[PDB]
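*Asks:* got the complex split up, this is the first portion:
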Amino acid sequence: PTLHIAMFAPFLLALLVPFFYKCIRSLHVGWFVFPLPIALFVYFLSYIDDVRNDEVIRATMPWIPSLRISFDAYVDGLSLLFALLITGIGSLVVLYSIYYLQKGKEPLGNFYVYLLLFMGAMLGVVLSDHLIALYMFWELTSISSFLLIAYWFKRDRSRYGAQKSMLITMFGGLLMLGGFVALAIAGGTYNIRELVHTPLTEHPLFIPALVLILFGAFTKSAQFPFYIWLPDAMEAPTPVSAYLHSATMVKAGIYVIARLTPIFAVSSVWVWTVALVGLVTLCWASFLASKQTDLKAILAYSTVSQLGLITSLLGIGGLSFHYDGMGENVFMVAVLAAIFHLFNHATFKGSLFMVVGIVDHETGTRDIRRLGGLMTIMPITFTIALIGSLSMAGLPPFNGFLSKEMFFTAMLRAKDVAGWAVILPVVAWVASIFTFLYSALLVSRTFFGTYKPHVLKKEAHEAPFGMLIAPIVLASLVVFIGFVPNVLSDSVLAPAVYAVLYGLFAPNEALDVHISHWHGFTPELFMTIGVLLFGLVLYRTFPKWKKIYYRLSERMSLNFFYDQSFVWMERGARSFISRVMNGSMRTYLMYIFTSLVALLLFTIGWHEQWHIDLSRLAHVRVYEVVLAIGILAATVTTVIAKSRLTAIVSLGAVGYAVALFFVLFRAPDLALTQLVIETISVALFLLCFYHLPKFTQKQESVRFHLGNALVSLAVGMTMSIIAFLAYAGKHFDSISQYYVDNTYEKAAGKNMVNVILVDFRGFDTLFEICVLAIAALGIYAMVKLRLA
């Protein structure tokens, strides 16, 4: 099938990495990692001819066929867009990591094993058609990213970031699994392409599946409030930061939302939840991105804001499914906008991280307050950073023009179905204001100003060309989809829209004549002009409203709440186990006895306990009455005895009178064994008495506590009333007519207790012999072995 050896090729090469790493000491190991994504990328260029003329690629590898689980693979426009993104930026990040990391100072085989596991896992996430296989690849993505963030394990902040990112994304993944299972019960099947052709709104498990899947997808792509882990995942290596937190992992929830949109966007809860939380995290991260003083936190909040933009456009594209007024069909534009900016974001964001990585090891710092004039020192990376920042701001000559004009066009035409939605675009509008600010500030506090010849490191800051190769390729692709937007749209972006909006295109010419549309006087043009002018008049006065902005950024955050929530959770659990686990055996016996009494008395009281039949009962006789009075006397004198010898001899009297009951209830063997065993056991109690320590002994009475007496009376009366209810109900008789009929005719015996013990049921006498053997050997072992 040739794609089975494409999905599982990074895992096999991840097996083969440390072999080549410790057996080839001369050549850098990353070169050996380099061709495989290249190969996958070239292989993923081979499918565009089949996907433009609406044909899909299906493959199947069964894993548990009786539980109906396979590794399915389905290839259409959306999965090809993501796969081309993954493999192309993967090869570029591999090249940049070859030129970035060192040889004799870094563990490199670990780096490329983790990275190639992550690449294979992400390619598995995208291409998957089975839900459990998708969840498996999802989990492998989370674990490999957890490994990549903590690449320097000898430093604390990397471990904090890895722990927090692990906990958040695992929480989302587990609730994602629950939503997948609920959806697979709602439909008949597990494969995604058969859930589309079946109705699912007439089912009780539709809304919990919606909320749980949506919860996990918002957790992965760093939405609100779950954006918290992504600014602390910036202690990774810079290729990890670029690849993972630009192009692959933070878009997995985006892929799941866009993949399941033809199922769940028929309801309003999906589309409005997605759209509103996207707008909220867009504005919140756009506000917060201007407070930071280092480059990577600014780019992390930038990533969160553009992901919120993409998912809000996905929500409006979900609104496309209900109805379009008289063939207007405007909401579909939103889908295209999302997908465009999706592709767009990946490219320039990757380049920007590479830029800051370069300047890090060309200056030694990455804070904004020490590095100054670097235009005439570092011209090429200044050109790349300027292209990426102007494309991120949303300006005419670069990519961000089309992204922002389609965003404002999609948002202004979406307020015409509800009045309160008139609130929605202008909020988004001020988000763009906020956007421009940090992006402007980025360049204007990275390369402008003046050079500091005292704190910086090198007299010559000329970067090598091999580091500069991959940002140049990304910036060139930025400029190419800037000036030429038509060919990549018609080749890639159109079947992505036909995938996300499946079963909806009765005509297909309106989408094509909107793709071919580029110019024409729009009211969103002066909106972008106002964005530009207001960001210009907002940036120049930024040292004036700086303290107000710092204190209002201090006024509301979400890592405070998470840190105190975990402190609360661990302290509450620790105080719980310090409360209920005291260590005293008396208390645990009280809990066990009270639970026994409560469960049995509630079980009796819940029923009605009919049919008390006293006809089974035997006639009472005087000897048993007198002997019962005797053992009640011995019981009372063993609970109220002041000394312990009195309780020992009363327990002995209880034993000998139980033997006299055995005589009186016609049981000779029981009487013989009972007499001998009670004499031996009373001798053992007297052994245990006379070696009590003479200090702290004092020979004190049994202390009276009221709860012990209440629990004891409840235990005794409970088992008494269960014995009376059980003995005097309905019954089948017994099976001892066989034993009195076949002790002599079939076995060789006249005694019947002994023939039961050795012939009819002799299989359990062997193991009571074993119990006695273990007891004697254990007593010998305890007395003799004294290693201390």
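*Replies:* Right, received. Where do you want to start? Numbering: from 1, shown residues only, chains lettered A, B, ... in the order given.
*Asks:* gap between the residue lying farthest from the centre of chain A and residue A:451?
*Replies:* Relative to the C-alpha centroid of chain A, counting by C-alpha atoms, centre = their mean, residue A:622 is the outermost residue, at 72.5 Å. For residue A:622, the distance to residue A:451 (C-beta to C-beta, to the nearest Å) stands at 117 Å. Placement of C-beta: from N, CA and C, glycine included.
*Asks:* got it, and residue A:175?
*Replies:* Residue A:175 is 52 Å from residue A:451, where distance means C-beta to C-beta.
*Asks:* Please apply the same query to residue A:736.
*Replies:* Applying C-beta to C-beta, the value for residue A:736 to residue A:451 is 106 Å.
*Asks:* if you skip the residues just before and after it, what's nearest to residue A:760?
*Replies:* With sequence-adjacent residues excluded and distances taken as C-beta to C-beta, 6 or more residues apart in numbering, residue A:760 is closest to residue A:739, at 6.6 Å.
*Asks:* cool, residue A:302 as well?
*Replies:* Nearest non-adjacent residue to residue A:302, counting by C-beta to C-beta, 6+ apart: residue A:289, 5.5 Å away.
*Asks:* so how far is the one helix or strand residue A:596 maps to off the chain centroid?
*Replies:* In the assignment (DSSP states H and E), residue A:596 maps to helix A:585-606. Mean-position distance between helix A:585-606 and its chain equals 38 Å (C-alpha atoms, centre = their mean, to the nearest Å).
*Asks:* Relative to residue A:717, how far out is the closest residue to residue A:593 other than its chain neighbours?
*Replies:* Sequence neighbours aside, residue A:711 is the residue nearest to residue A:593 in space, at 5.1 Å (criterion: C-beta to C-beta, 6+ apart). Distance of residue A:711 to residue A:717, computed by C-beta to C-beta: 11 Å.
*Asks:* With neighbour numbers in mind, choose between the two.
*Replies:* Taking neighbours as other C-beta atoms under 10 Å, residue A:711 and residue A:717 compare with residue A:711 leading, 17 against 12.
*Asks:* can you map out the strands along the stretch 651-788 of chain A?
*Replies:* Using DSSP state E, counting those that start in this stretch, no strands are found in the stretch 651-788 of chain A.
*Asks:* let's put chain B on the structure above:
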Amino acid sequence: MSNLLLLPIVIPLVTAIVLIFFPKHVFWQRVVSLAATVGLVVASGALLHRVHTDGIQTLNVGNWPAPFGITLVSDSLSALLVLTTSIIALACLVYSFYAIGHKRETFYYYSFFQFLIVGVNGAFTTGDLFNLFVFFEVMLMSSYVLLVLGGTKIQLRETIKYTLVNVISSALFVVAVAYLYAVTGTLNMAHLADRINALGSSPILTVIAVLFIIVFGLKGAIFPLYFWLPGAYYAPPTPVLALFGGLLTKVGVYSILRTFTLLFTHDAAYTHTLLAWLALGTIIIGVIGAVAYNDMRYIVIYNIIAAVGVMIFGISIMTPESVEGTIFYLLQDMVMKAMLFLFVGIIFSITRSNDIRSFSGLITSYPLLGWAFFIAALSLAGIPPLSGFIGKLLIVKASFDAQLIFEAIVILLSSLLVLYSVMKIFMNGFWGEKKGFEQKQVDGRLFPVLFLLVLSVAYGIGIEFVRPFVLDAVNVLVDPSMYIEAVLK
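*Replies:* Let me add chain B to what's already shown:
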């Protein structure tokens, strides 16, 4: 021939007896116990193929018929549990070769080992309640002595505690057998199952079923009957503890399973809602205790409690998908808890301390152990390429199909919290800089742990091989008519 069913019982028994004669000859103790345990594994595999090929295997001990003598029954679930017990016993025995000192194994250690595996293997295959009682005391007596052997102050104290609890629960099982004999009149499983189903509309059967819940939950730690287990399992040495955590609490779970899939089927609503609430309390207690401690043994102890709660919640639904999921989770959890106690023992051997806060930086000196513990932690949590995924997947699916949303979310969050506990061990112990320990070459004992880890990984990969055994086990659990027409011929 037909005595193959006794070969999991007879082979260790004989072995234990012939280990009594030569205490001071430790080499021949090791050789005979090793050869007999390997023969036990081979005989249990042959029994599992025997019960797979033709039907359920029943053997009357004498030549006496089915109500009137002792009958031993091996279905597919009991054969799977015997094979799992055999594998755990072999790994713990080789760890015992490397771990237990000389003085403790001159004094009858391997005999007590073999008597414990006699007790558990006899408990998984029996067809009588009172014979099951006798096998519980074989198991418990050997566990008392293995807990106390060596005689330091800690294991004296918690042997007193553990012995006290099990004496009380043994007396309670005696009085439960007495009540049920007064109601029914028989003592084997199949015929009293038929008699209970002939008078199933009586409240006293519900009361005695609740009493069996209390007894078997004292055996395998349920809330609110769990309180003996943290100190009792904090006491013993490491291979003894791996035996205890792998085997002792999971025969109470099997006894609950056999009891409510065979005996008590009428008036099922009350008993199953009781099992559901006790299981939810067990899961919550386990995850609270796993979060609370910075001590490795306590973390694995509360993970035992949490996994027992998940299995009991799987039992509490009478659907074949939930029964299938709890069988898968049962097998992998036995293997996994034995594995994790052996890991904790190796780490304690290296660090000379059990406090997580005391040491860091073990990847820089012990990489194979570190990545083995990483894979063991992720397999404990339930990550899908590893072992414990399909069990909790089928449990969650069967709870969603019966409209229990909140309980399925409790299962998933419990999986999260047990992952957090074991990864807390991994991230604070293995990562970081080097401060806590001194370089000491480990030897030998790492390999049974690696054998258990390789078998758990192969278990997670090969569900399609190990599934039709579990399918026949489910087909006999949700239909006891085949069980009672196999025995009562």
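*Asks:* Re-run the earlier check on the nearest residue to residue A:760 with chain B in the model.
*Replies:* Spatial nearest neighbour of residue A:760, excluding adjacent residues (C-beta to C-beta, 6 or more residues apart in numbering or on different chains): residue B:69 at 5.7 Å.
*Asks:* what does the stretch 1-150 of chain B put close to chain A?
*Replies:* B:13, B:20, B:61-62, B:64, B:67-70, B:72, B:103-104, B:107-108, B:111-112, B:115, B:118, B:122, B:128, B:130-131, B:134-135, B:137-138, B:141-142, B:144-145, B:148-150 (C-beta under 8 Å from any C-beta of the partner chain).
*Asks:* Kindly list the main-chain dihedrals of residue A:58?
*Replies:* Backbone torsions of residue A:58, given as degrees, to the nearest 10, read phi -120, psi 140.
*Asks:* hey, what's it bridged with?
*Replies:* Residues in a beta bridge with residue A:58, per DSSP bridges, are residue A:74.
*Asks:* shouldn't it be in contact with residue A:74?
*Replies:* Yes - between residue A:58 and residue A:74 a contact is recorded at 5.7 Å, counting by C-beta atoms under 8 Å.
*Asks:* out of these two, which sits in the busier spot?
*Replies:* Each of residue A:58 and residue A:74 has its neighbours counted (other C-beta atoms under 10 Å in any protein chain shown); residue A:74 has more, 19 against 12.
*Asks:* thought that one was touching residue A:57?
*Replies:* Yes - the criterion here is C-beta under 8 Å, and residue A:74 meets it with residue A:57 at 7.4 Å.
*Asks:* What sits closest to residue 251 if chain neighbours are left out?
*Replies:* Here I'm looking at chain A. residue A:221 (6.6 Å).
*Asks:* should've been chain B
*Replies:* The shortest distance from residue B:251 to any non-neighbouring residue, by C-beta to C-beta, 6+ apart, is to residue B:123 (5.0 Å).
*Asks:* Against which helices or strands is the one helix or strand that neighbour maps to packed?
*Replies:* In this structure, residue B:123 sits in helix B:109-124 according to DSSP H and E. For helix B:109-124, the contact count by 3 or more C-beta pairs under 8 Å, 6 or more residues apart in numbering or on different chains; DSSP states H and E identifies helix A:765-784, helix B:7-18, helix B:26-53, helix B:76-99, helix B:129-148, helix B:238-247, helix B:249-258 as packing neighbours.
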